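Participant: Quick one: structure below, then a few questions.
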């Protein structure tokens, strides 16, 4: 969630105020995948140290 | 006075009946001015049309 601050103003005595509602935004971040693989033999697994 | 925030529990509409809304009120007080104008020096870079 992101937004900005409200805006004030200098007002006199008995002076009607004005609404200063802020605006809002929303960033989005997708999630992705990476992978790697390598095959080995039984004898290679048992011999190489 | 400092920054004070007051909570208004009930707002009204164009016919002096509740319209199902609330609001936040904030106000502040301060004042300032220059007493001695010759205790400063200000540089102006004015561009001719």
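Values quoted throughout were computed directly from the atomic coordinates according to the rules given, and no laboratory measurement underlies them. Cβ placement follows ideal geometry from the backbone for every residue including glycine, while neighbour counts extend to all protein chains displayed.
Participant: I'd like the full set of residues that are within 25 Å of residue B:30 (Cβ to Cβ) and surrounded by fewer than 10 Cβ atoms within 10 Å (Cβ to Cβ), limited to the stretch A:15-38. Walk me through it before giving the result.
Facilitator: In the first step, residues of the stretch A:15-38 are kept if they are within 25 Å of residue B:30 (Cβ to Cβ); the result is A:15-22.
Residues satisfying the conditions are A:15, A:16, A:18, A:19, A:21, A:22.
Participant: A further question follows. Mind checking whether some residue in the stretch B:7-15 is within 14 Å of chain A (Cβ to nearest Cβ) and loosely packed, with under 10 Cβ neighbours inside 10 Å?
Facilitator: No, there is no match, as no residue in the stretch B:7-15 is within 14 Å of chain A (Cβ to nearest Cβ) and loosely packed, with under 10 Cβ neighbours inside 10 Å.
A quick yes/no check of all residues on (1) in contact with a helix residue (DSSP H, G or I) (Cβ under 9 Å, 6 or more places away or on another chain); (2) assigned to a helix (DSSP H, G or I); (3) more than 30 Å from residue B:29 (Cβ to Cβ):
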| site | (1), (2), (3) |
| --- | --- |
| A:13 | no, no, no |
| A:40 | no, no, yes |
| A:43 | no, yes, yes |
| A:49 | no, no, yes |
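Participant: For residues that are exposed (fewer than 10 other Cβ atoms within 10 Å of the Cβ) and within 18 Å of residue A:10 (Cβ to Cβ), scanning just the stretch B:16-33, find the one that is farthest from the other protein chains (Cβ to nearest Cβ).
Facilitator: Residue satisfying both the conditions and the ranking: B:33.
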